[PDB]
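Protein chains in written order, with this note's numbering: chain W, 29 to 157; chain U, 79 to 517; chain G, 16 to 111; chain P, 455 to 502; chain D, 1299 to 1346; chain Y, 116 to 211; chain H, 25 to 72.
Beta carbons: idealized from backbone N, C-alpha and C, even for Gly.
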Ligand SMILES: CC(=O)N[C@H]1[C@H]([C@H](O)[C@H](O)COC(C)=O)O[C@@](O[C@H](CO)[C@@H](O)[C@@H]2O[C@@](O)(C(=O)O)C[C@H](O)[C@H]2NC(C)=O)(C(=O)O)C[C@@H]1O
Ligand SMILES: *[C@@H]1O[C@H](CO)[C@@H](O[C@@H]2O[C@H](CO)[C@@H](O)[C@H](O)[C@H]2NC(C)=O)[C@H](O)[C@H]1NC(C)=O
Ligand SMILES: *[C@@H]1O[C@H](CO)[C@@H](O[C@@H]2O[C@H](CO)[C@@H](O)[C@H](O)[C@H]2NC(C)=O)[C@H](O)[C@H]1NC(C)=O
Ligand SMILES: *[C@@H]1O[C@H](CO)[C@@H](O[C@@H]2O[C@H](CO)[C@@H](O)[C@H](O)[C@H]2NC(C)=O)[C@H](O)[C@H]1NC(C)=O
Ligand SMILES: *[C@@H]1O[C@H](CO)[C@@H](O[C@@H]2O[C@H](CO)[C@@H](O)[C@H](O)[C@H]2NC(C)=O)[C@H](O)[C@H]1NC(C)=O
Ligand SMILES: *[C@@H]1O[C@H](CO)[C@@H](O)[C@H](O)[C@H]1NC(C)=O
Ligand SMILES: *[C@@H]1O[C@H](CO)[C@@H](O)[C@H](O)[C@H]1NC(C)=O
Ligand SMILES: *[C@@H]1O[C@H](CO)[C@@H](O)[C@H](O)[C@H]1NC(C)=O
Ligand SMILES: *[C@@H]1O[C@H](CO)[C@@H](O)[C@H](O)[C@H]1NC(C)=O
Ligand SMILES: *[C@@H]1O[C@H](CO)[C@@H](O)[C@H](O)[C@H]1NC(C)=O
C-alpha cells in the first residue's frame, strides 16, 4: 500500500471497521479480512443411518484444509463440496424430497447426488416436415 | 348519422408490433442464520440470546416457509410451461428453426439434454447477460468468498454475517429449457402449443378474428411473416437501450440488494449502546455491564430481523400473485388465445410468445397495428327484402360502386354481402338503412 | 392548519406530529376525465369502447346472446332503453 | 432524562414498525383490488 | 434517536416504496381506462 | 463525520492588516480583536516576495489568548520564511 | 490575506478518493441541498 501518510496507520471502512493497518514496528502493510463463517446444509432421509452434507459454495480442498478433515467420501458439486453422497448427476429423478437447488437432488436408496427433472416433453417419432 | 350511415376510420394498411412484458415469478431465496447474524461468534452474546428462546427459531421457520412457497411456485410455473407440450423426436434446432418465412432461431436454444445447460435461447442469453445477480450470479459471487481475492464483495460480508441467497430448486437453465420446449411446440407438428395447426395459419386466423378479410391475409403472407419477424427483432434491439422490461428485471435485483444491504447495516446500529461492536463492549465492560449493553444490541438486531421477515412475507405475496398472473398468461396468451381483450397486453392482440428471464418470464405480445386509415360511411345494419334485418359480422356495410357491400372492421376491403359475413333477424330494427333490392 | 379557527382539525394535530397524507400523483379530477372519456367512447362513433357499433345495438346483441329472440328485442327498443335509463337512475337514487 | 426518553423512543419506534407492517399489508390488498378493477374495465366495460 | 442509527431511514424508505406502488398502480388504472379510447373532436358537453 | 468545521455559506473575514510606518489604534479593537469561542478556520495567502530574484515567504502572525497579560498563556503562530514558529508562553503582549 | 471564519461542532459528509485524499465535503445542515447530499451519502443525488 501507498495510501498511508506519516501520521496514519489504520485503514477503516465506511462502517468504522478496521480493514487494514501499517505495522508501527516494521512499516509492512496488511489488509484485514473476516474469518470464514457459514452453514452446512444437511440432507437427511428417514431410512438412512447418516447425513449427506453440502458445504454451499466451498471447494472440498477448502473444507478439508481450513474447516475440518473427515473420513466420509466427497466431491466438488456445482453447489459446493458434497460429503457422503455419490456423484451421479448424469442420472435424473422426477420427484425429490431433498431438493438442493439449481436442479440438483439428493436421492436415498447410500445417498446419491442427482439431477432433479420434474418435467419432460412427451416425445413422438412422427415426421417434422 | 346522414341517412342511416356514420363516418368511421377503417385501416387500409397494417403492421405487426411486438410489446415486451416482464412478469416476476420468483425472487432471491434469502436465508438468515439468526444467531450468527445477531451474535456472530461471541459466546457472551450467544449465552444472552439463548434466554430469548424461540425468537430465532421463529425467524428461521418463517423464512423456510417463504422459501418453500417460492420453490412450490417455481415448480408450478415450470409445470404450466410444460403442460401438454408434445414434440417430435426428429426435431433438431440446429436445422429446424424457421417455418413459413417466420424465423424462430433467436427464441429456441438447443433441444434435449445432450447439449447440457446450453438450452438457453439467443434472446434469453441477450437478457441474462444484462443482470449480474441471476441464480448463477449468486453462486459465482459466493464461490469467490474463499478465493483469496483482495476485493471486498458485499455479498461475502453479508454471507459471513449469516445473510445468504440460496439458489432456486430449478436452475434458470432448466426454465429456459421449458420455455424453449413451449416455443418449438408452437412452430412444428403436432403444434401442441398453437391449437394444433401451423403457426403461420394460427397468426392468419387470429388476425382474421379481428375483422380482417382472409383474402388480404393469404395474399400478404410474406408481408405478415416479415412484419412478425421485424416485430421480434424490434423487441431484441429494444434491450440494447433504456427499456421498461429490462429496468423491471433489474429492479428485482436492486431491491433485493438494497434490502440485504439495509439488513447488514443493522449490525452497525448502536441501538443506544456504547458501541455496535460486541468485541468493543467485551473489551471495555465487566460481565454485568457488558450484559446490559449486549442486550440492547440483541433487542435491536432481533427487532430488525422481525421487521425484515414481516416485509419479506408481504413481498412474496406479490411474487405469488405475479406468478399466478404469469401462469394465466402462459395458458391464455401463449398456449391458447383466450377471448379477453387487454389481458395479453394492449391493442388488437394477435398472439403471444414466452421466454425465460431472471426471476420471471418475458412475454412478447404481438398486436395488429393499423398504419393508415380511410374515412368511410358505414351502416351498422340493413333492412332488406321482406323487411328482414341483417347485421354485419365483425365488420360494416359500405356503399361501394353505389352498391351495398361488406368490409371487415379492421381492414378496408369491400366484399359481397353473404351469409358468411351476416347475422340475420326476422324483422329489421328501427334506423337500419332501408335497402329493399339487397339479396 | 395555519388558520385562526378555534376548531382544531385532528388532521392538523397529526401533520404537526409528522403524520401527513400526500395527494395522489393524478388528481381525482383527471381520473374523472378518463372515466368520462371511457364512457362517451361507448355512445358515439367510432364506438371504440363498445365493439365499434352503436351502444343500443351492443345492448340488443348482448341481450340476444342470453337467448332472447331479436324480434321481440328490436320492437321493444324504447322499453329496453327506458328500462336501462331507469336502472341507471335507480343506481343514482341508491346513494341517497 | 436519557433513561426516560429512551423508553419513549423504543415505544414510538415499535409503534412505527407496527404501523409500517400494517401499511405494507393493506397496500398489497389495494394492488389486488386495482388488478381486479383493471380486469373489469377491460372485460366488462370495454368488451364483454 | 441519532444513536439508534438507520431506524428512521428504514421507516421512510418502506413508506416511500409503498407510496411508489400506489402511484404506479394509479398510472396503470388510468392507462387501462384510456387504452384504445378514440373520440371525435366534434363532441361537446352541452349538445351530445 | 462530526468535527470542528466551518459553517458552509458563512463569511470569511480578511483580518490581515498591512502598515508601512503608522499603526492605527482602531486596528487593535473590535471587529479585528475577535472572540475565539470553539475555534477558527484560517485560509492564509502566502505573500511570496522577491529580493535579488530569491523568493521569500511572508504572512500575518496570529495570537490566541484571553487577556494577553504575562499572568496568562498566549499562543503565537508566526512564520519565518518556511519555518512556522509556534509558542504558548506567558508573554508581556504589547498594547499595539 | 488572512481569511478567518468560526468553527463549531458540525456533521459533514466527507468524500475520500482511491488515494485517501478528502476531495469533497458537505456541511449537512447548511442548506436543503446539503441535507439531501448527506441523507443519500452522495455528492450528486439521483433525480427525485
Ligand atoms: C490596513 C490598511 O489600510 N492598509 C493599507 C495602508 C494603510 O492605510 C496606511 O499605512 C495607514 O496609515 C496610517 C495608520 O496613518 O496603506 C498602504 O498604502 C500606503 C498609502 O496608503 C503606501 O503607499 C505607503 O504610502 C506612504 O505615503 C505612507 O507612508 O503611507 C509612503 C509609504 O512608503 C508607502 N508604503 C509602501 C511603499 O508600501 C501601506 O502599505 O501603508 C497599503 C495598505 O494596504
Ligand atoms: C517507518 O517509517 C518512518 C517514516 O514514516 C521511518 O521514520 C523516519 O526514519 C528516518 C531514518 O531513520 C529518519 O530520518 C526520519 O526522521 C524518521 N521520521 C519519523 C517521522 O520518525 C521509520 O524509521 C521506519 N521504520 C522502519 C523499521 O522502516
Ligand atoms: C487453508 O489451509 C492451507 C494448508 O494449511 C493453507 O495453505 C497455506 O497457503 C499459503 C499461501 O496462501 C502458503 O504460504 C502456506 O505455505 C500454505 N501452507 C500452510 C501450512 O500454511 C491456506 O492458506 C489456508 N487458508 C486459505 C484461505 O486457503
Ligand atoms: C459427476 O458425474 C458426471 C457424469 O459422469 C461427470 O460429468 C462428466 O465428466 C466427464 C469427465 O470430466 C466428461 O467427459 C463428461 O462430458 C461429463 N458429463 C457431463 C454431463 O458433464 C462429473 O464431472 C462428475 N463430477 C465430479 C466432481 O467428479
Ligand atoms: C410453403 O412450402 C415451401 C416449401 O415447399 C416453404 O418454402 C421454404 O421457406 C423457407 C423460409 O421459411 C425458405 O428459406 C426456403 O428456401 C423455402 N423452400 C422452398 C423449396 O421454396 C414455405 O415456407 C411454405 N410456407 C409458405 C407460407 O409459403
Ligand atoms: C423407506 O422405508 C419405508 C418402510 O419403512 C418404505 O415404504 C419406503 O419406500 C422407503 N423409502 C426409501 C427411499 O427407501
Ligand atoms: C420423465 O422421464 C422419466 C424416464 O425414466 C420417467 O420416469 C418420467 O415418468 C417422465 N415424465 C415425468 C413427468 O417425469
Ligand atoms: C415409431 O415407433 C413405432 C413403435 O416402435 C414404430 O412402429 C414406427 O415404425 C416408428 N416410426 C418411425 C418413423 O420411426
Ligand atoms: C403498407 O405500408 C408499408 C410501409 O409504409 C408500405 O411499404 C406498403 O407498400 C403499404 N401497402 C399498401 C397496400 O398500402
Ligand atoms: C469470481 O472470481 C474470478 C477470478 O477472480 C472472476 O473471473 C469472476 O468474474 C468472479 N465472479 C464473480 C461473480 O465474482
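Contact list for residue i against chain U, beta-carbon separation under 7 Å
i, result
"residue 68 of chain G", "458"
"residue 478 of chain P", "389 and 392"
Chain P residues whose Cβ lies nearer than 8 Å to that of residue i
i, result
"residue 64 of chain G", "499 and 500"
Alpha carbon of residue i to alpha carbon of residue j, nearest angstrom
i, j, result
"residue 320 of chain U", "residue 59 of chain W", "39 Å"
"residue 488 of chain U", "residue 448 of chain U", "8 Å"
"residue 408 of chain U", "residue 264 of chain U", "12 Å"
"residue 461 of chain P", "residue 140 of chain Y", "59 Å"
"residue 1334 of chain D", "residue 125 of chain W", "50 Å"
"residue 1312 of chain D", "residue 380 of chain U", "18 Å"
"residue 111 of chain W", "residue 75 of chain W", "18 Å"
"residue 344 of chain U", "residue 382 of chain U", "7 Å"
"residue 434 of chain U", "residue 440 of chain U", "6 Å"
"residue 194 of chain Y", "residue 176 of chain Y", "7 Å"
"residue 85 of chain G", "residue 251 of chain U", "56 Å"
"residue 46 of chain W", "residue 50 of chain H", "24 Å"
"residue 186 of chain Y", "residue 152 of chain Y", "21 Å"
"residue 309 of chain U", "residue 492 of chain P", "27 Å"
"residue 249 of chain U", "residue 240 of chain U", "23 Å"
"residue 156 of chain W", "residue 150 of chain W", "15 Å"
Reduced DSSP secondary structure (H/G/I, E/B, other) of residue i
i, result
"residue 89 of chain W", "helix"
"residue 437 of chain U", "coil"
"residue 511 of chain U", "strand"
"residue 109 of chain W", "strand"
"residue 85 of chain G", "helix"
"residue 130 of chain U", "coil"
"residue 23 of chain G", "coil"
"residue 67 of chain W", "coil"
"residue 481 of chain U", "strand"
"residue 265 of chain U", "helix"
Same chain only: Cβ atoms within 7 Å of residue i, ignoring 5 sequence neighbours per side
i, result
"residue 74 of chain G", "95 and 99"
"residue 470 of chain U", "484, 499 and 500"
"residue 314 of chain U", "184, 201 and 204"
"residue 100 of chain U", "323, 326, 327, 435, 438 and 440"
"residue 509 of chain U", "82"
Closer than 7 Å at the beta carbon, the chain W residues around residue i
i, result
"residue 44 of chain H", "31"
Partners in chain H for residue i, counting only beta-carbon separations shorter than 7 Å
i, result
"residue 157 of chain Y", "26, 27 and 28"
Contact set for residue i: own chain, Cβ-Cβ below 8 Å, skip 5 residues either direction
i, result
"residue 525 of chain U", "Because chain U is modelled from 79 through 517, residue 525 of chain U falls outside the range shown and cannot be assessed."
"residue 78 of chain G", "88 and 95"
"residue 31 of chain W", "39"
Per-residue contacts from residue i into chain Y (C-beta, under 9 Å)
i, result
"residue 35 of chain H", "116, 117, 118 and 120"
8 Å Cβ cut-off: residues of chain G touching residue i
i, result
"residue 503 of chain U", "85, 86 and 89"
Contact set between residue i and chain D, taken where Cβ atoms lie within less than 8 Å
i, result
"residue 472 of chain P", "Simply none; closest approach about 11 Å."
"residue 92 of chain U", "In chain order: nothing, as chain D lies at least about 16 Å away."
Contacts that residue i makes with chain H (C-beta to C-beta distance below 8 Å)
i, result
"residue 134 of chain Y", "What residue 134 of chain Y touches in chain H: nothing, since even the nearest Cβ is about 14 Å away."
Close-in-space but distant-in-sequence residues of the same chain around residue i (CB under 6 Å, 5 per side omitted)
i, result
"residue 80 of chain W", "71, 112, 113, 134 and 139"
"residue 29 of chain W", "57"
Per-residue contacts from residue i into chain W (C-beta, under 8 Å)
i, result
"residue 168 of chain U", "153, 154, 155 and 156"
**Message:** To test your reading of the DSSP string, which unbroken beta strand (DSSP E) runs of 3 or more residues are found completely within the region 121 to 146 of chain W?
**Reply:** 126 to 129, 132 to 136 and 139 to 144
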